[PDB]
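Q: Quick one: structure below, then a few questions.
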Amino acid sequence: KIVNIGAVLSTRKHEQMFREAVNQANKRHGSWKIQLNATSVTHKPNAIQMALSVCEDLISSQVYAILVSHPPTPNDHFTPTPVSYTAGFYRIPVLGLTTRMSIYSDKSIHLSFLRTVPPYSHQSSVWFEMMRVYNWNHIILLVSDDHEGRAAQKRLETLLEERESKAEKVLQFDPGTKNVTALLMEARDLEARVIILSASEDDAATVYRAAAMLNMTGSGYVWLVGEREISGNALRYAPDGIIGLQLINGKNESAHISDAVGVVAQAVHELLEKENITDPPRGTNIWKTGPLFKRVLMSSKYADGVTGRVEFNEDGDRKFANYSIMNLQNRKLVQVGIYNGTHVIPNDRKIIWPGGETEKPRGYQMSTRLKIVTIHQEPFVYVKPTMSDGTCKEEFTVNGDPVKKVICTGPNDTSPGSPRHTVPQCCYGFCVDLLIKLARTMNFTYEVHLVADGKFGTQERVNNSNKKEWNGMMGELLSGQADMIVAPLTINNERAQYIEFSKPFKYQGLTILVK
Amino acid sequence: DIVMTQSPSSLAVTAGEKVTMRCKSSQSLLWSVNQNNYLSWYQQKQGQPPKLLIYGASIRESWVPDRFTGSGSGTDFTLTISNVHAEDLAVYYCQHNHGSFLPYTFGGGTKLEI
Amino acid sequence: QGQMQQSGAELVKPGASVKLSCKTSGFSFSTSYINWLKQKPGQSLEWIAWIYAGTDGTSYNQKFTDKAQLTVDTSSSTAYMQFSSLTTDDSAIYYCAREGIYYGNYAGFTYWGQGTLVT
Amino acid sequence: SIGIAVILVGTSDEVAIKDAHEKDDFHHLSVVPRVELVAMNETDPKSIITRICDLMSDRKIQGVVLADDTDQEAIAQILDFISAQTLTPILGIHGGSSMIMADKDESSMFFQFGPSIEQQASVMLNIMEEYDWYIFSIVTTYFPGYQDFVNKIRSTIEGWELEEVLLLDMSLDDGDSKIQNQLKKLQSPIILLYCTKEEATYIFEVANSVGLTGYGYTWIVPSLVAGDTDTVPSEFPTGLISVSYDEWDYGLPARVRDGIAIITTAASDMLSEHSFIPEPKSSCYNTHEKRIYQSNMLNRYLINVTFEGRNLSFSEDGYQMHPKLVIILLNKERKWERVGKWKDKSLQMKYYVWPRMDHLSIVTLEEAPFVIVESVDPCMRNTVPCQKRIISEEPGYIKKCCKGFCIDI
Amino acid sequence: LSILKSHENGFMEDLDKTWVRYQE
Ligand SMILES: *[C@@H]1O[C@H](CO)[C@@H](O[C@@H]2O[C@H](CO)[C@@H](O)[C@H](O)[C@H]2NC(C)=O)[C@H](O)[C@H]1NC(C)=O
Ligand SMILES: *[C@@H]1O[C@H](CO)[C@@H](O)[C@H](O)[C@H]1NC(C)=O
Ligand SMILES: *[C@@H]1O[C@H](CO)[C@@H](O)[C@H](O)[C@H]1NC(C)=O
């Protein structure tokens, strides 16, 4: 007739609050003979002895649930994990309260862990809603944390699956390095201007400082971050015009503990309605109703709590979390909008962009300049080295028509032959005439270069990694270094599956060359 | 630090008269984008925390009677009392509130005597 | 109406450290800004630092950047200022005040503590 | 004079291992390793913690070897934490200390004796290549190592024809009707499964309820489904195929000798190439300060070991590089037979034709335009395999490729 | 659209005269 509940807490005030909530749990549940005894454990700087003592005390206690409520740990590791693993050794449900890392979202390893604060991946859905509001498609996502970057980008891909659009650029690396300006300049050259960052305080500060250094914070740049990027020294270097996200009651442990204890009480009373009552042993036999009790918990529905409608998903996370929106207006946090469980409502306050007007800057750009690529075609593209220095001999045809050439840069020989020999040469012929006619027709410049090797391009998986990859003209076009391939390309389904074509200018087939 | 110049340093008047106190900042407290002056007038009486009197160099607080009148813009500002009362006797300070012009600084102050 | 209550008077040996507390109530503790000011007797108040409770953003005076540290407790809505390496120059009255912001625009310090004298 | 710890839990020939402990030739390097053997029980993880604490505090243990006889993956799962939190590496060779979990920690130093998921997938596809069965289906549960297996098989097979892939979540109860309904999608004669033992029994119950395992359907399962040959679960269908680690010709003393030798040679490599051997103060209490002398290179010398013919190198994840594998089959009586061997990407089958649980044999001869016979590809499309018996011993056959005008008819 | 407008008129013929139609 007794149910034990374990928890890890340091502050005596919260321990008394937990005891009071435990006492009140039996108030409106009638005069049933169910008894609730409260037990909590304190903090120790280490983790091996902490985990050992916690496991021993909880085994001797035969608890049903475990609560951890340490947001401000001096160690930045945020590791209540060993308690969750030891609880999963007997399939004992664990409900997190503070940490929002997506590592706990993985039930394949965290077999007996839940939490009521959604991870930052929901901020990806919030940003998708923002994109719906402001009609933005191409983004430039930069991530540093590989543990969640894959998960965050997976969430973004799932969101875009409705739109069937793509993030124009993604970036991932080892946090700690600082020579990131090359990738920043790579992103700056593109057309999209909406930049979304997701990292810790150090990397957020580093990228804000670099963007200010390279003047990536001018007009038209719309930024978008979460909560961790506008905290600590990252807030000190924060460039004005940024928009940030705020979690409602993020650290209000007083109400969070009350909501958790109420949920626990109602869930325990729901379980006691059914048969097959099992209790943990004193730690090689698992608790047989572990998954059964977790299934009982999954279907739980509540109408109580200051936060509101508390409900769990298949991942045991929180649903319909209301979010606050903050704008860095002259280095002061001004609320500019609110977020419902499914809709965003801006408040009466105005939002100022890093540049001028308060209207949304269209995050798109155009570039007449087009990097053209091709291969050395014997009758269509004639390649000639310069005469003396960067000059093309202005030879004429036999029909009074001057020969029009183009200054082309490419390797001299193959890699085994030429280690590194790339010189500006003179290119002309048939394709050059076609492209020059095109440039005459529509106003846009170009910059011709050559393919590093002599292949059209094949999809070859890595020799050992077996990672399919293209090369040649297709490889240089897929990599983004090429904007338009103008070459005697063979129209076929395999290549049309990856890129687009215009109507054919040529009609011919294949033959056999003999002597 | 923006130098806040307050004039006069002190004054004594009879009840019912009208007084004028000026505030001059070394730099323009007006931000062009929003056209607002980052100046705040305060009333500080003996033994009490200072009470916010006028902000934005023109807007009175809800508790501030209409007799107080703050004027001036840019670098020069003025606090004016149309009908001076004995209760108004205090030392009044003007302080800038421009976040881009940190740190916050105060003027020399004006002592009101009756 | 909001209330800010400070700690009692302290007698600290020179070179030692003191940590002052400032309990706040009657308003949104998380979405406001609190400032610590140093006021010597017969002297005007000297701004020390400000901190935002919602983001833990901290900014100190250069004279006190290496001398004062600020912390907050969301459960208690109480501000903290720890003054270390105390010298006789620190014999003064320290005050905690809540910023008044109207229409998103700062309008001055509208709320005050009772004051604390450190000897 | 390195300290090596040997822990045995369960019935085992401890005297034989002790006699065979000094069966290595380590006289060519000044190592003189010290090996202490201690018996333990499967009482609790905390008892193991206390035992290893006492051992490392007393004998200054620089290496731990665990061998057991249970069928629980939790042994290595928790041993990973000890290996990561202690500078002394740990090795598992047999029993519960053999099944490979998801992954090891970055600071982990624990390695196991066995093949990876992808290597097992390759061997299973080699088996399907040996006997021409090219239609199959894959079903698995939410054990963590499912995505690796699925992606490995998909990449390897990218005329193979896969037509059904199933994922079952057995955490939810009362889903037996749903499982029975969704197992109706299976149409290939061969179905592949990746689950746990009790889950396998439940799935076999569902299959016998739907009757999809009688004669025309055969199942092949990984090593973890079987685990122990001595015990046969209630309703494993006759003809079950699986691949298991060769534990018959590779006994416990061999595993112990290999572990001791690899530890000794890794220590010698670390103390010779870098001239320093990391052997810090083996303090059980307050291990945080004992991790100062982080090796960072012994692991680099723990993944390349040769033992005079035996390439005992390990992989980055923690698994071995060149395992030895055997194949088992469930005959009518509940036992596992030894059918074939796989080693170094070579498949060897004792039966030239797989016995079954109309059909008529055809005899023919090669004729120049009508029946053309050629050797297999070091058979392609539009050809038919053909068996040629060789008479010198046991009946030998060699597979060729036969085609021609008559074959087309 | 530009490719079509070139194919409909005789600019491609001039290109042929320059390189493809030419003989020896
Ligand atoms: C509530 O839990 C407490 C703490 O576990 C129990 O107190 C323990 O009681 C046992 C038996 O008397 C002692 O050996 C322990 O030393 C006690 N520990 C502490 C810290 O008090 C208590 O008995 C439980 N009460 C109920 C009603 O179950
Ligand atoms: C948490 O929320 C409750 C309800 O709004 C509020 O009363 C409480 O003051 C908040 N947190 C604290 C401890 O300030
Ligand atoms: C082991 O070392 C040898 C000799 O240096 C080298 O040839 C081989 O690639 C290494 N193998 C591994 C697995 O590191």
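Residues in the structure tokens are named by chain (A, B, ... in the order shown) and by number from 1 within that chain; ligands are numbered from 1 in the order shown.
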Determine, counting only C-alpha atoms, which protein, DNA and RNA residues have an atom within 12 Å of an atom of stretch 22-24 of chain E; residues of the same chain fewer than 4 positions away are not included. Present the result as a list in words.

A: residues 379, 397, 398 and 399 of chain A; 13, 14, 15, 16, 17 and 18 of chain E

Q: Check every protein, DNA and RNA residue against ligand 1, keep those with an atom at most 10 Å away (counting only C-alpha atoms and all ligand atoms), and present them as a PDB file with N, CA and C atoms, in the first residue's frame.

A:
ATOM      1  N   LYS A   1       0.824  -1.204   0.000  1.00  0.00           N
ATOM      2  CA  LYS A   1       0.000   0.000   0.000  1.00  0.00           C
ATOM      3  C   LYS A   1       0.860   1.257   0.000  1.00  0.00           C
ATOM      4  N   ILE A   2       2.159   1.083  -0.229  1.00  0.00           N
ATOM      5  CA  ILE A   2       3.093   2.197  -0.290  1.00  0.00           C
ATOM      6  C   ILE A   2       3.756   2.203  -1.660  1.00  0.00           C
ATOM      7  N   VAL A   3       3.928   3.403  -2.207  1.00  0.00           N
ATOM      8  CA  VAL A   3       4.634   3.607  -3.464  1.00  0.00           C
ATOM      9  C   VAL A   3       5.781   4.569  -3.193  1.00  0.00           C
ATOM     10  N   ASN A   4       6.990   4.165  -3.556  1.00  0.00           N
ATOM     11  CA  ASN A   4       8.185   4.958  -3.313  1.00  0.00           C
ATOM     12  C   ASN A   4       8.539   5.752  -4.560  1.00  0.00           C
ATOM     13  N   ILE A   5       8.927   7.011  -4.362  1.00  0.00           N
ATOM     14  CA  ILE A   5       9.301   7.906  -5.450  1.00  0.00           C
ATOM     15  C   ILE A   5      10.653   8.517  -5.112  1.00  0.00           C
ATOM     16  N   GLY A   6      11.642   8.280  -5.965  1.00  0.00           N
ATOM     17  CA  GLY A   6      12.962   8.849  -5.774  1.00  0.00           C
ATOM     18  C   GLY A   6      13.170  10.100  -6.611  1.00  0.00           C
ATOM     19  N   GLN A  35      -0.095   4.819   0.082  1.00  0.00           N
ATOM     20  CA  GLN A  35       0.785   5.660   0.878  1.00  0.00           C
ATOM     21  C   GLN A  35       1.949   6.142   0.028  1.00  0.00           C
ATOM     22  N   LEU A  36       2.360   7.383   0.268  1.00  0.00           N
ATOM     23  CA  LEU A  36       3.425   8.015  -0.497  1.00  0.00           C
ATOM     24  C   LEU A  36       4.516   8.462   0.460  1.00  0.00           C
ATOM     25  N   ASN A  37       5.705   7.890   0.307  1.00  0.00           N
ATOM     26  CA  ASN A  37       6.866   8.262   1.103  1.00  0.00           C
ATOM     27  C   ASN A  37       7.887   8.959   0.213  1.00  0.00           C
ATOM     28  N   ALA A  38       8.408  10.082   0.699  1.00  0.00           N
ATOM     29  CA  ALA A  38       9.271  10.948  -0.090  1.00  0.00           C
ATOM     30  C   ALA A  38      10.725  10.731   0.302  1.00  0.00           C
ATOM     31  N   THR A  39      11.579  10.552  -0.705  1.00  0.00           N
ATOM     32  CA  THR A  39      13.012  10.358  -0.509  1.00  0.00           C
ATOM     33  C   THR A  39      13.754  11.108  -1.604  1.00  0.00           C
ATOM     34  N   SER A  40      14.726  11.927  -1.211  1.00  0.00           N
ATOM     35  CA  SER A  40      15.539  12.693  -2.143  1.00  0.00           C
ATOM     36  C   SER A  40      17.014  12.559  -1.785  1.00  0.00           C
ATOM     37  N   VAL A  41      17.881  12.772  -2.774  1.00  0.00           N
ATOM     38  CA  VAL A  41      19.321  12.668  -2.587  1.00  0.00           C
ATOM     39  C   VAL A  41      19.978  13.969  -3.027  1.00  0.00           C
ATOM     40  N   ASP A  57      20.894   3.478  -3.060  1.00  0.00           N
ATOM     41  CA  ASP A  57      19.769   4.017  -2.306  1.00  0.00           C
ATOM     42  C   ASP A  57      18.438   3.731  -2.988  1.00  0.00           C
ATOM     43  N   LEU A  58      18.369   3.867  -4.311  1.00  0.00           N
ATOM     44  CA  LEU A  58      17.126   3.583  -5.016  1.00  0.00           C
ATOM     45  C   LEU A  58      16.778   2.100  -5.015  1.00  0.00           C
ATOM     46  N   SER A  60      17.612   0.032  -2.514  1.00  0.00           N
ATOM     47  CA  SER A  60      17.117  -0.180  -1.160  1.00  0.00           C
ATOM     48  C   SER A  60      15.765   0.483  -0.925  1.00  0.00           C
ATOM     49  N   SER A  61      15.381   1.441  -1.769  1.00  0.00           N
ATOM     50  CA  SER A  61      14.120   2.150  -1.604  1.00  0.00           C
ATOM     51  C   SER A  61      12.977   1.549  -2.409  1.00  0.00           C
ATOM     52  N   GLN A  62      13.272   0.864  -3.515  1.00  0.00           N
ATOM     53  CA  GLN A  62      12.256   0.308  -4.411  1.00  0.00           C
ATOM     54  C   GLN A  62      11.298   1.396  -4.900  1.00  0.00           C
TER      55      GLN A  62
END

Q: Which residues sit within 10 Å of ligand 3, counting only C-alpha atoms and all ligand atoms, listed as a list in words?

A: residues 300, 301, 302, 303, 304, 305, 306, 311, 312, 313, 314, 315, 316 and 321 of chain D

Q: Can you pull out every residue within 9 Å of residue B:4, counting only C-alpha atoms, but drop anything in the same chain fewer than 5 positions away, and send it as a list in words?

A: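 Listed by chain and then number, they are residues 23, 24, 25, 26, 27, 75, 94, 95, 96, 105, 106, 107 and 108 of chain B.
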
Q: Output the neighbourhood of ligand 2 as an MDAnalysis selection string, that is, all protein and nucleic acid residues with some atom at most 9 Å from the ligand, counting only C-alpha atoms and all ligand atoms.

A: (chainID A and resid 249 251:256 306:307) or (chainID C and resid 25 27:30 73:77)
